[PDB]
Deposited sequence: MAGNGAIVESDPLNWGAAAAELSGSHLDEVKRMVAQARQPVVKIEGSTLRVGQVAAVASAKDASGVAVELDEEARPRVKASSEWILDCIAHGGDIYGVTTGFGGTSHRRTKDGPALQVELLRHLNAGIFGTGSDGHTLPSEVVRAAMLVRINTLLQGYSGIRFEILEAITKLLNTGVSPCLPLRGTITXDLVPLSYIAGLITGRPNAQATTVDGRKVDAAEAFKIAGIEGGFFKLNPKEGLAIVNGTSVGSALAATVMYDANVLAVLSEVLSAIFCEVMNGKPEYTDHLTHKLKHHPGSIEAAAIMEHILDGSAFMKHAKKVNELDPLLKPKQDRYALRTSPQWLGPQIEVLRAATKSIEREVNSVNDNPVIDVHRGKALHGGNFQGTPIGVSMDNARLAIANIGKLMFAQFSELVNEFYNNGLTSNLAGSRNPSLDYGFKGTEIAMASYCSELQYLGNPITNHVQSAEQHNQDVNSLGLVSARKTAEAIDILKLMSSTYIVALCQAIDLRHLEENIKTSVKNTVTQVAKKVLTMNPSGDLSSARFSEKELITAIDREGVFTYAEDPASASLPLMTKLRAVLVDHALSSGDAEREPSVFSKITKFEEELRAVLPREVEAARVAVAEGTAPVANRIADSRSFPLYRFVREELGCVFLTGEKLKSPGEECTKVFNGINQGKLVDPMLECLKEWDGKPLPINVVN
């Protein structure tokens, strides 16, 4: 044991130091670790990216688990200390009677209290979580304070690296004796112990040892080794860790997605100005705003939107889902970072009781098994996740609403005829069902603590139960992200189509006017003020805005000045309108065709924007196509492809690619 740290005796400063860097750098380190093919553990450096790497891998071929051999002496030392103290009399108050081996057998028999159902009707712990738990369980035994044989740690490592996962019940822990006893029960060859192989085949304990390559037969546990395995917070903390990996990734995604939302909405980028957020001090919103500011500062959509600021005073301010999104996301990210550190401390902790302190020569009893950090962190992170989801729902709701999305189509429909294309109306309903259930999951579990086990456990953390609900919350947030991403790419394509149609209408009107009316500048202006999609389905219609406003322009000029006056009216009705009705529908149609074939005169502004890597990922890597009632593809098929892309880890790289040019600093304001 070391000495008291004079400059930081209670460890507040070292925990605060974990939070001193930027969130993005922390996420980048995290994902890089999850991509490493080796996880080497020694009891003090395990991070949530590494737990996620092992949980999503099937065996060593995806990620190999390695024990650090420099941990062997301290592990052995506390194992031998138990054995020597036994030989020369006895002592250990919590470990030692008359039959020692019988006590380790009974310990596991009565903690095997789980209900497995049929094994496949929803009452077993997923093997992904079993694996994560085995990893954390090993890591939290390598500090040398547990009194367990290194050889047991090596055998659990073989289970991880060959993909033999013991079968654990889904429920039964208030945080983790019961689920962990089924790992100890496989290690000891209990007759009811089972496991599954990489390929999903169910096997008994002896077949599991053969498949994993464990030699020497079943282990017979020494007095403290039973408690060392089953007594601990390994299951709750391990699930919490894989959840916090997904949470950090999706928190960054909602920052990027908020910037793309602004691009397709033609929002004013001023809401990201550093001064606004520096004056509130909150680092979460400062980083959120700088991240959006970076994307928007390299956006071709925004250079195009300022060109519209020159010839637009009946405009309206942006809504909160856009204008306050840094203020909204910042506090969620701050909470998620603190929960990550709490969990990362817990997966590097000694949480088995009693503690074997060889330096002072005593077994130290306490409460290191109380997984409060897991339950507190999971409850806090779950509510932050729900607030992130609520923001995506509100942004989604604005984006698909014609009254609010600044010239995009109703429901983001893409077809020539909106009467036979209701676009994302169905996905919008589904987004509300996601959001409602997510708000429900935002409720906490640690205010439902029961007085348990003869009222000996009158407080208990419920860590794993909380972690399970937060994992379900992450699932729903991934559903909302997938559907939102598809809608954003739809919006991008609609802006590309909008721009080319407007260009073709301007050229066409200019041409006909010069040929018939030999004041163009004000005809062009009348076209800017009307949204393309209010007339593009039938541009020649006299009851739609285009023809109605062009007529009104000419009628105004005539009525004011120029009484016959060279038969002014006849030039308006006959030549101009007739000529337009004849040429205009073919020109729009030719613009729609050029867009569809990738040969549009005005290139899609996404190609020149920092947000491009996400559009590319969806359109090229995943093969999702622009959605239109003229074809048969449904939005669910594209949402499903994105969702699976996210689960397989394929969105992380293009998400971070949006920010590859960012120096981690806000844009200067001082002058």
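Note: segments 1-3, 100-109, 189, 327-328, 535-546, 592, 701-702 of the deposited sequence have no C-alpha coordinates in the structure.
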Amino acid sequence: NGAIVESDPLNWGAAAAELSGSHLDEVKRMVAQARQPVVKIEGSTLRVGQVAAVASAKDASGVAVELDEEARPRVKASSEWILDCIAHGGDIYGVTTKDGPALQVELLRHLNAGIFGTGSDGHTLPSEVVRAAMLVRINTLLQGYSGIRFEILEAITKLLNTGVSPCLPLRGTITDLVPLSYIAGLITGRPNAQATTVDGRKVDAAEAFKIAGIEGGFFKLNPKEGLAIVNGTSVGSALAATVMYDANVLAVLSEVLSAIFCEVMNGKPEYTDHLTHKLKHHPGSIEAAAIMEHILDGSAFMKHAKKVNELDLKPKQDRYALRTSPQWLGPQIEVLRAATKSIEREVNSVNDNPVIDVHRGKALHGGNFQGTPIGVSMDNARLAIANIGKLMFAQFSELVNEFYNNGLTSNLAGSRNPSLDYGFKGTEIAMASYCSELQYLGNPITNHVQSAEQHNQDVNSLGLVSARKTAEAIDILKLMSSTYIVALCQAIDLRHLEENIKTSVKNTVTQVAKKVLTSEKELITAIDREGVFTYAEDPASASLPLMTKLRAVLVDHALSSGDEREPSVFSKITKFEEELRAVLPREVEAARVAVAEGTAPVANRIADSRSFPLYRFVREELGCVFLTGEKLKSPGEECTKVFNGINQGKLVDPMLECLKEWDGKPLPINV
From here on, numbers count along this sequence of modelled residues.
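Look at the C-alpha B-factors of 314-322 and of 118-126. On average they run higher in 314-322. Averaged over their C-alpha atoms, the temperature factors of 369-377 and 76-84 are higher for 76-84. Among 191, 389, 283, 217, the highest C-alpha B-factor recorded in the PDB entry belongs to 217. If you compare the C-alpha temperature factors of 213, 331, 169, 94 in the entry, 94 comes out highest. Among all modelled residues in its chain, residue 363 ranks in the highest third by Cα B-factor. Per the deposited record, the Cα B-factor of residue 469 falls in the lowest third when ranked against the other modelled residues of its chain.
Per-chain ranking of the deposited C-alpha B factor places residue 579 in the highest third.
In the deposited entry, the Cα temperature factor of residue 506 sits in the top third of values across the chain's modelled residues. The PDB entry assigns residue 525 a C-alpha temperature factor belonging to the highest third of its chain's modelled residues.
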